[PDB]
>>> print(open('run.txt').read())   # compact mmCIF, C-alpha atoms
# COMPACT_ATOMS: atom_id res chain seq x y z
CA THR A 34 106.01 75.70 97.40
CA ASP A 35 108.33 77.39 99.88
CA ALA A 36 107.40 80.83 101.15
CA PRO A 37 108.84 83.45 98.77
CA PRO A 38 111.77 85.33 100.31
CA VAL A 39 110.19 88.73 99.51
CA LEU A 40 106.43 89.26 99.27
CA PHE A 41 104.86 91.92 97.04
CA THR A 42 101.35 93.23 97.68
CA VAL A 43 99.08 96.06 96.56
CA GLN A 44 97.88 98.75 98.98
CA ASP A 45 95.46 100.81 96.86
CA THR A 46 97.89 102.92 94.76
CA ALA A 47 100.83 101.96 97.03
CA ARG A 48 102.92 98.84 96.39
CA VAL A 49 104.13 97.12 99.56
CA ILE A 50 107.41 95.19 99.51
CA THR A 51 107.81 92.95 102.58
CA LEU A 52 110.99 91.10 103.52
CA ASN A 53 110.01 87.52 104.36
CA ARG A 54 113.05 85.77 105.89
CA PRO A 55 112.11 85.84 109.60
CA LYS A 56 114.48 83.05 110.67
CA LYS A 57 117.43 85.01 109.21
CA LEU A 58 116.22 88.39 110.55
CA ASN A 59 115.36 89.32 106.95
CA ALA A 60 118.96 88.98 105.77
CA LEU A 61 119.39 90.01 102.14
CA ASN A 62 120.68 87.41 99.68
CA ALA A 63 121.14 87.67 95.91
CA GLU A 64 117.65 86.25 95.34
CA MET A 65 115.93 88.88 97.49
CA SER A 66 117.96 91.73 96.00
CA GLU A 67 117.35 90.61 92.41
CA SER A 68 113.60 90.21 92.98
CA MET A 69 113.28 93.66 94.55
CA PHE A 70 115.47 95.29 91.90
CA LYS A 71 113.40 93.85 89.05
CA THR A 72 110.01 94.59 90.61
CA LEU A 73 110.98 98.19 91.35
CA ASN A 74 111.83 98.80 87.69
CA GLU A 75 108.32 97.65 86.75
CA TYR A 76 106.73 99.87 89.40
CA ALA A 77 108.73 102.80 88.02
CA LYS A 78 107.16 102.27 84.58
CA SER A 79 103.66 101.79 86.01
CA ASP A 80 101.27 104.75 86.01
CA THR A 81 98.99 103.28 88.69
CA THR A 82 101.63 103.08 91.45
CA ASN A 83 102.19 106.32 93.36
CA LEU A 84 104.63 105.18 96.06
CA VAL A 85 106.37 102.09 97.42
CA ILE A 86 106.56 100.90 101.02
CA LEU A 87 109.50 98.71 102.08
CA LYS A 88 108.68 96.88 105.33
CA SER A 89 109.28 93.55 107.05
CA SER A 90 106.91 90.77 108.09
CA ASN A 91 108.92 90.16 111.28
CA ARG A 92 108.40 93.53 112.99
CA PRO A 93 109.15 94.45 115.73
CA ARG A 94 111.85 91.77 115.89
CA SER A 95 113.80 93.02 112.87
CA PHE A 96 113.51 94.90 109.60
CA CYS A 97 116.82 93.73 108.09
CA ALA A 98 119.75 92.43 110.15
CA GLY A 99 122.08 92.98 107.19
CA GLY A 100 123.20 91.49 103.90
CA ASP A 101 123.86 87.74 103.94
CA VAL A 102 127.64 87.90 104.27
CA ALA A 103 127.98 84.50 105.98
CA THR A 104 127.07 82.91 102.64
CA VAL A 105 129.57 85.18 100.88
CA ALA A 106 132.24 83.93 103.28
CA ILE A 107 131.59 80.30 102.32
CA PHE A 108 131.91 81.34 98.67
CA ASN A 109 135.35 82.80 99.37
CA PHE A 110 136.40 79.62 101.19
CA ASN A 111 135.21 77.65 98.15
CA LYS A 112 136.72 80.12 95.63
CA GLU A 113 133.20 80.79 94.31
CA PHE A 114 134.20 84.40 93.70
CA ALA A 115 131.73 84.76 90.83
CA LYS A 116 128.90 83.97 93.25
CA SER A 117 130.22 86.54 95.73
CA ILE A 118 130.50 89.28 93.09
CA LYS A 119 126.93 88.51 92.02
CA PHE A 120 125.73 89.02 95.60
CA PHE A 121 127.33 92.48 95.77
CA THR A 122 126.37 93.57 92.26
CA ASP A 123 122.73 92.82 93.06
CA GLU A 124 122.70 94.46 96.50
CA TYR A 125 124.65 97.58 95.51
CA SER A 126 122.60 97.92 92.32
CA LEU A 127 119.43 97.81 94.42
CA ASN A 128 120.85 100.45 96.77
CA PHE A 129 121.57 102.65 93.75
CA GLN A 130 118.04 102.14 92.40
CA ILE A 131 116.47 103.16 95.72
CA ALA A 132 118.69 106.24 95.98
CA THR A 133 117.73 107.49 92.50
CA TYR A 134 114.12 106.26 92.52
CA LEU A 135 111.80 108.98 91.22
CA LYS A 136 108.73 107.87 93.21
CA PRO A 137 108.48 108.16 97.02
CA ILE A 138 109.79 105.12 98.88
CA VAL A 139 108.82 104.80 102.56
CA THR A 140 110.84 102.34 104.66
CA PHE A 141 109.44 101.14 108.00
CA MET A 142 112.56 100.55 110.13
CA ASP A 143 110.55 98.68 112.77
CA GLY A 144 113.33 96.61 114.29
CA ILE A 145 117.02 95.86 113.84
CA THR A 146 118.19 97.86 110.80
CA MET A 147 121.87 96.94 110.55
CA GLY A 148 124.08 96.68 107.47
CA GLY A 149 122.08 95.94 104.35
CA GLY A 150 119.04 97.17 106.24
CA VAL A 151 120.68 100.59 106.47
CA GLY A 152 121.12 100.53 102.70
CA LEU A 153 117.40 99.89 102.31
CA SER A 154 116.49 103.01 104.34
CA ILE A 155 119.45 105.41 104.33
CA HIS A 156 118.87 106.17 100.63
CA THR A 157 115.17 107.04 101.02
CA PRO A 158 114.04 110.53 102.12
CA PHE A 159 111.20 108.82 104.05
CA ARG A 160 112.94 106.47 106.50
CA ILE A 161 110.62 106.05 109.48
CA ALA A 162 111.96 104.88 112.85
CA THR A 163 110.14 103.45 115.86
CA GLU A 164 110.84 102.67 119.50
CA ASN A 165 112.11 99.27 118.30
CA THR A 166 114.61 100.70 115.80
CA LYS A 167 118.24 99.61 116.29
CA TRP A 168 120.49 101.23 113.69
CA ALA A 169 124.11 100.04 113.54
CA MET A 170 126.90 99.37 111.04
CA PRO A 171 128.79 96.41 112.61
CA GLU A 172 131.17 95.76 109.71
CA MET A 173 134.48 96.58 111.43
CA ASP A 174 134.06 93.49 113.64
CA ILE A 175 133.56 91.19 110.61
CA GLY A 176 136.51 92.55 108.62
CA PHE A 177 134.42 94.30 105.96
CA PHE A 178 133.88 97.98 105.12
CA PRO A 179 130.90 100.34 105.42
CA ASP A 180 128.98 99.30 102.31
CA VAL A 181 125.54 100.04 100.77
CA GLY A 182 126.53 103.64 100.11
CA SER A 183 126.81 104.44 103.81
CA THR A 184 130.02 106.36 103.05
CA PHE A 185 127.99 108.67 100.79
CA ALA A 186 124.88 108.98 103.00
CA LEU A 187 126.05 109.27 106.61
CA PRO A 188 128.53 112.11 105.86
CA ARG A 189 125.64 114.03 104.25
CA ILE A 190 122.64 113.36 106.52
CA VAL A 191 123.91 113.21 110.12
CA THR A 192 122.77 116.24 112.11
CA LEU A 193 125.19 116.69 115.04
CA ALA A 194 129.00 116.76 115.16
CA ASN A 195 129.19 115.96 111.44
CA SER A 196 130.80 119.11 110.03
CA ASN A 197 133.79 117.07 108.79
CA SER A 198 132.14 113.62 108.87
CA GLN A 199 133.28 113.20 112.48
CA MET A 200 130.03 111.58 113.63
CA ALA A 201 129.77 109.54 110.42
CA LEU A 202 133.25 108.16 111.13
CA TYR A 203 132.27 107.47 114.74
CA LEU A 204 129.32 105.27 113.76
CA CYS A 205 131.13 103.46 110.93
CA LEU A 206 134.39 102.82 112.81
CA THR A 207 132.95 101.94 116.24
CA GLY A 208 129.80 100.08 115.19
CA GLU A 209 127.73 101.80 117.86
CA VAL A 210 124.06 100.82 117.95
CA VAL A 211 121.58 103.72 117.96
CA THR A 212 118.06 103.10 119.25
CA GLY A 213 114.76 104.69 118.24
CA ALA A 214 114.46 108.36 119.15
CA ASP A 215 118.25 108.76 119.08
CA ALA A 216 118.34 107.60 115.45
CA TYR A 217 115.72 110.22 114.57
CA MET A 218 117.62 113.00 116.35
CA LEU A 219 120.93 112.07 114.69
CA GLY A 220 119.41 112.16 111.20
CA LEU A 221 119.46 108.39 110.70
CA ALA A 222 115.64 108.43 110.57
CA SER A 223 113.59 111.10 108.81
CA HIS A 224 110.50 110.47 110.96
CA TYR A 225 109.66 108.90 114.32
CA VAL A 226 106.34 107.02 114.39
CA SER A 227 105.12 104.60 117.05
CA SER A 228 105.01 101.00 115.84
CA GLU A 229 101.32 100.79 116.79
CA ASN A 230 100.61 103.56 114.26
CA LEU A 231 102.29 101.85 111.29
CA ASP A 232 99.15 100.00 110.17
CA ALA A 233 97.16 103.25 110.03
CA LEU A 234 100.03 105.04 108.26
CA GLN A 235 100.29 102.32 105.61
CA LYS A 236 96.58 102.64 104.83
CA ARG A 237 96.85 106.43 104.53
CA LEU A 238 99.86 106.14 102.21
CA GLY A 239 97.88 103.90 99.86
CA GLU A 240 94.95 106.33 99.80
CA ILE A 241 96.83 109.54 98.93
CA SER A 242 97.30 110.30 95.24
CA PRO A 243 98.80 113.20 93.25
CA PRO A 244 96.18 115.90 92.62
CA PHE A 245 94.96 117.25 89.28
CA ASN A 246 97.69 116.87 86.59
CA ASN A 247 100.69 116.12 88.84
CA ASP A 248 102.55 112.83 88.56
CA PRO A 249 103.74 110.93 91.65
CA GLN A 250 107.32 111.94 90.73
CA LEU B 107 87.83 58.89 31.11
CA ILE B 108 91.23 57.37 31.93
CA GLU B 109 92.58 60.83 32.69
CA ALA B 110 89.53 61.56 34.85
CA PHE B 111 89.92 58.43 36.99
CA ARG B 112 93.67 58.86 37.44
CA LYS B 113 93.46 62.59 38.16
CA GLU B 114 90.74 61.99 40.75
CA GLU B 115 92.74 59.30 42.55
CA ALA B 116 95.80 61.56 42.55
CA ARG B 117 93.75 64.47 43.88
CA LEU B 118 92.36 62.33 46.70
CA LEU B 119 95.80 61.05 47.70
CA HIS B 120 97.34 64.51 47.37
CA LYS B 121 94.55 65.92 49.54
CA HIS B 122 95.21 63.44 52.35
CA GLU B 123 98.92 64.30 52.34
CA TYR B 124 98.20 68.04 52.34
CA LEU B 125 95.84 67.69 55.30
CA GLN B 126 98.36 65.61 57.25
CA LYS B 127 101.09 68.19 56.63
CA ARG B 128 98.76 71.08 57.45
CA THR B 129 97.59 69.50 60.71
CA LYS B 130 101.15 68.84 61.88
CA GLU B 131 102.09 72.44 61.09
CA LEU B 132 99.07 73.76 63.01
CA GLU B 133 100.01 71.50 65.92
CA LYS B 134 103.58 72.79 65.95
CA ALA B 135 102.41 76.40 65.69
CA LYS B 136 100.01 75.89 68.60
CA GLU B 137 102.84 74.54 70.76
CA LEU B 138 105.03 77.52 69.85
CA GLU B 139 102.21 80.00 70.49
CA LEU B 140 101.44 78.34 73.83
CA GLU B 141 105.12 78.39 74.78
CA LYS B 142 105.25 82.14 74.14
CA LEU B 143 102.16 82.58 76.32
CA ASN B 144 103.80 80.59 79.12
CA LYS B 145 107.04 82.58 78.78
CA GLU B 146 107.58 84.79 81.82
CA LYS B 147 107.80 88.52 81.10
CA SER B 148 109.02 91.33 83.33
CA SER B 149 105.48 92.71 83.63
CA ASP B 150 104.50 89.49 85.42
CA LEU B 151 106.33 90.80 88.50
CA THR B 152 103.51 93.33 89.00
CA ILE B 153 100.83 90.60 89.12
CA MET B 154 100.17 89.64 92.74
CA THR B 155 100.59 85.94 93.48
CA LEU B 156 100.03 83.48 96.34
CA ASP B 157 101.85 80.52 94.81
CA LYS B 158 102.51 78.75 98.11
CA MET B 159 98.88 78.81 99.27
>>> encode(input="run.txt", output="structure tokens")
Amino acid sequence: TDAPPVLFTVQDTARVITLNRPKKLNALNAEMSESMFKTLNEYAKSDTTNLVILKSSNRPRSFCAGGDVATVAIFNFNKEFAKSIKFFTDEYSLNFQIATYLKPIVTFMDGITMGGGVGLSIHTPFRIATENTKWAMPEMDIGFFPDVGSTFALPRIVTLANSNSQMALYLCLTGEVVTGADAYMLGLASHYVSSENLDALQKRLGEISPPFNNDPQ
Amino acid sequence: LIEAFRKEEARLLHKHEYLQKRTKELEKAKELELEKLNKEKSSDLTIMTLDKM
């Protein structure tokens, strides 16, 4: 009866996953993570799905403002530690699935991509940014650590002043927000596409298919 | 003739009991079969849905 937290739709041979928690800026809870993790395993087995597209229904306001840690805090105050460990096992397991996924995943970072949102894009070779992109890792101010495999990605993908993870440490320890073009130039985004062009891009992604006897992997 | 009348009555009564047992079995099997059909599988995640609407 209530709107599902994550919506799944077909785009020709592309499968679109849309985060559908606008009031929470698409914050990721255990329910969302579990749904996405299970549906991605099915798409991996399918022979009719060529690629997946992870987007939000709230663009350009936000793509994912981060994992739902406020709920995890209440669990700690209530000693519901089993609930908290379930929230992190689901999220981190989804970040590991995206990183090792054999089919192309294309994330549209059209809006605030902070925290869990970074985990949804940092692990995909096709992480598209826009003028509205706002990449940040504001965990040091909440007392947490850089999670969602950002300690394995940022030290390996940043482009400038990252010979010894210096820039990676700067973003993780200061929580600086990077915006649009700057995220693309730093290596946080693989591509820079105007938000207006995302509709056309999505349609083209659904129409392309592996040629002859080549699999989508 | 006494054996014929008593065997026929027994057969008729035994046939009613067998039908009643058979029908109940079929009914139980149908419920089980239907329950398996209604069981959610992992493949169901790939079927698009608009439950709310």
>>> closest_atom_pairs(input="run.txt", of="chain A", to="chain B", cutoff="8 Å", atoms="all atoms listed in the file", output="CSV")
residue,atom,partner,partner_atom,distance
A:34,CA,B:158,CA,4.7
A:35,CA,B:158,CA,6.2
A:36,CA,B:158,CA,6.1
A:37,CA,B:158,CA,7.9
A:41,CA,B:154,CA,6.8
A:42,CA,B:154,CA,6.2
A:43,CA,B:154,CA,7.5
A:71,CA,B:148,CA,7.6
A:72,CA,B:151,CA,5.7
A:75,CA,B:149,CA,6.5
A:76,CA,B:152,CA,7.3
>>> closest_residue(input="run.txt", among="A:194, A:162, A:65, A:170", to="residue 99 of chain A", atoms="all atoms listed in the file")
A:170
>>> closest_residue(input="run.txt", among="A:249, A:100, A:158, A:208", to="residue 224 of chain A", atoms="all atoms listed in the file")
A:158
>>> residues_around(input="run.txt", residues="segment 52-61 of chain A", least_positions_apart="6", cutoff="6 Å", atoms="all atoms listed in the file", output="list in words")
residues 38, 39, 89, 90, 91, 95, 97, 98, 99, 100 and 101 of chain A
>>> write_last_selection(input="run.txt", atoms="C-alpha atoms", output="CSV table (one decimal), in the frame of the given file")
chain,number,residue,atom,x,y,z
A,38,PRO,CA,111.8,85.3,100.3
A,39,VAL,CA,110.2,88.7,99.5
A,89,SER,CA,109.3,93.6,107.0
A,90,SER,CA,106.9,90.8,108.1
A,91,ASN,CA,108.9,90.2,111.3
A,95,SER,CA,113.8,93.0,112.9
A,97,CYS,CA,116.8,93.7,108.1
A,98,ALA,CA,119.8,92.4,110.2
A,99,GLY,CA,122.1,93.0,107.2
A,100,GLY,CA,123.2,91.5,103.9
A,101,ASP,CA,123.9,87.7,103.9
>>> decode(input="run.txt", residues="segment 48-123 of chain A", atoms="C-alpha atoms", output="PDB file, in the first residue's frame")
ATOM      1  CA  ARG A  48      17.171  -2.729 -15.613  1.00  0.00           C
ATOM      2  CA  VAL A  49      16.640   0.565 -13.776  1.00  0.00           C
ATOM      3  CA  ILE A  50      16.917   0.656  -9.973  1.00  0.00           C
ATOM      4  CA  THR A  51      15.497   3.877  -8.510  1.00  0.00           C
ATOM      5  CA  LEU A  52      15.848   4.951  -4.882  1.00  0.00           C
ATOM      6  CA  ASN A  53      12.398   6.059  -3.700  1.00  0.00           C
ATOM      7  CA  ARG A  54      12.787   7.715  -0.269  1.00  0.00           C
ATOM      8  CA  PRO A  55      12.541  11.405  -1.237  1.00  0.00           C
ATOM      9  CA  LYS A  56      11.664  12.675   2.248  1.00  0.00           C
ATOM     10  CA  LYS A  57      14.857  11.078   3.630  1.00  0.00           C
ATOM     11  CA  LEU A  58      17.022  12.159   0.665  1.00  0.00           C
ATOM     12  CA  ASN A  59      17.077   8.497  -0.422  1.00  0.00           C
ATOM     13  CA  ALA A  60      18.772   7.350   2.787  1.00  0.00           C
ATOM     14  CA  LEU A  61      19.636   3.649   2.708  1.00  0.00           C
ATOM     15  CA  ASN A  62      18.083   1.386   5.344  1.00  0.00           C
ATOM     16  CA  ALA A  63      18.326  -2.386   5.729  1.00  0.00           C
ATOM     17  CA  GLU A  64      15.138  -2.847   3.690  1.00  0.00           C
ATOM     18  CA  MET A  65      16.455  -0.896   0.694  1.00  0.00           C
ATOM     19  CA  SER A  66      19.853  -2.599   0.811  1.00  0.00           C
ATOM     20  CA  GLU A  67      18.368  -6.093   1.086  1.00  0.00           C
ATOM     21  CA  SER A  68      15.947  -5.493  -1.791  1.00  0.00           C
ATOM     22  CA  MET A  69      18.692  -4.182  -4.080  1.00  0.00           C
ATOM     23  CA  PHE A  70      21.105  -6.951  -3.084  1.00  0.00           C
ATOM     24  CA  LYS A  71      18.577  -9.690  -3.855  1.00  0.00           C
ATOM     25  CA  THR A  72      17.346  -8.183  -7.130  1.00  0.00           C
ATOM     26  CA  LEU A  73      20.905  -7.709  -8.399  1.00  0.00           C
ATOM     27  CA  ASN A  74      21.660 -11.407  -7.897  1.00  0.00           C
ATOM     28  CA  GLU A  75      18.665 -12.256 -10.093  1.00  0.00           C
ATOM     29  CA  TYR A  76      19.750  -9.776 -12.773  1.00  0.00           C
ATOM     30  CA  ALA A  77      23.202 -11.380 -12.726  1.00  0.00           C
ATOM     31  CA  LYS A  78      21.655 -14.760 -13.576  1.00  0.00           C
ATOM     32  CA  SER A  79      19.364 -13.300 -16.245  1.00  0.00           C
ATOM     33  CA  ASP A  80      20.444 -13.523 -19.887  1.00  0.00           C
ATOM     34  CA  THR A  81      18.102 -10.732 -21.041  1.00  0.00           C
ATOM     35  CA  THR A  82      19.608  -7.965 -18.867  1.00  0.00           C
ATOM     36  CA  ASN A  83      22.708  -6.304 -20.326  1.00  0.00           C
ATOM     37  CA  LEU A  84      23.326  -3.528 -17.784  1.00  0.00           C
ATOM     38  CA  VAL A  85      21.857  -1.950 -14.658  1.00  0.00           C
ATOM     39  CA  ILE A  86      21.210   1.736 -13.976  1.00  0.00           C
ATOM     40  CA  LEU A  87      21.150   2.953 -10.362  1.00  0.00           C
ATOM     41  CA  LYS A  88      19.385   6.325 -10.137  1.00  0.00           C
ATOM     42  CA  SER A  89      17.101   8.291  -7.824  1.00  0.00           C
ATOM     43  CA  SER A  90      13.536   9.536  -8.238  1.00  0.00           C
ATOM     44  CA  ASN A  91      14.378  12.765  -6.373  1.00  0.00           C
ATOM     45  CA  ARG A  92      16.947  14.217  -8.787  1.00  0.00           C
ATOM     46  CA  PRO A  93      18.306  16.882  -8.801  1.00  0.00           C
ATOM     47  CA  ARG A  94      17.647  17.241  -5.066  1.00  0.00           C
ATOM     48  CA  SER A  95      19.595  14.133  -4.049  1.00  0.00           C
ATOM     49  CA  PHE A  96      20.775  10.725  -5.215  1.00  0.00           C
ATOM     50  CA  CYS A  97      21.595   9.308  -1.769  1.00  0.00           C
ATOM     51  CA  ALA A  98      22.316  11.453   1.294  1.00  0.00           C
ATOM     52  CA  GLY A  99      23.916   8.460   3.024  1.00  0.00           C
ATOM     53  CA  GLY A 100      23.118   5.290   4.926  1.00  0.00           C
ATOM     54  CA  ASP A 101      20.420   5.608   7.592  1.00  0.00           C
ATOM     55  CA  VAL A 102      22.715   5.921  10.600  1.00  0.00           C
ATOM     56  CA  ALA A 103      20.231   7.880  12.733  1.00  0.00           C
ATOM     57  CA  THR A 104      18.204   4.675  13.026  1.00  0.00           C
ATOM     58  CA  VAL A 105      21.374   2.743  13.869  1.00  0.00           C
ATOM     59  CA  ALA A 106      22.013   5.227  16.684  1.00  0.00           C
ATOM     60  CA  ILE A 107      18.604   4.541  18.240  1.00  0.00           C
ATOM     61  CA  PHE A 108      19.412   0.828  18.064  1.00  0.00           C
ATOM     62  CA  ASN A 109      22.613   1.415  20.039  1.00  0.00           C
ATOM     63  CA  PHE A 110      20.715   3.462  22.631  1.00  0.00           C
ATOM     64  CA  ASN A 111      18.230   0.573  22.887  1.00  0.00           C
ATOM     65  CA  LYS A 112      20.960  -2.120  22.842  1.00  0.00           C
ATOM     66  CA  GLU A 113      19.429  -3.488  19.618  1.00  0.00           C
ATOM     67  CA  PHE A 114      22.918  -4.358  18.419  1.00  0.00           C
ATOM     68  CA  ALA A 115      21.630  -7.253  16.307  1.00  0.00           C
ATOM     69  CA  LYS A 116      19.527  -4.773  14.330  1.00  0.00           C
ATOM     70  CA  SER A 117      22.541  -2.496  13.845  1.00  0.00           C
ATOM     71  CA  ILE A 118      24.786  -5.327  12.643  1.00  0.00           C
ATOM     72  CA  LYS A 119      22.061  -6.341  10.184  1.00  0.00           C
ATOM     73  CA  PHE A 120      22.021  -2.809   8.759  1.00  0.00           C
ATOM     74  CA  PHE A 121      25.775  -2.892   8.104  1.00  0.00           C
ATOM     75  CA  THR A 122      25.911  -6.479   6.844  1.00  0.00           C
ATOM     76  CA  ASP A 123      23.276  -5.614   4.237  1.00  0.00           C
TER      77      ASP A 123
END
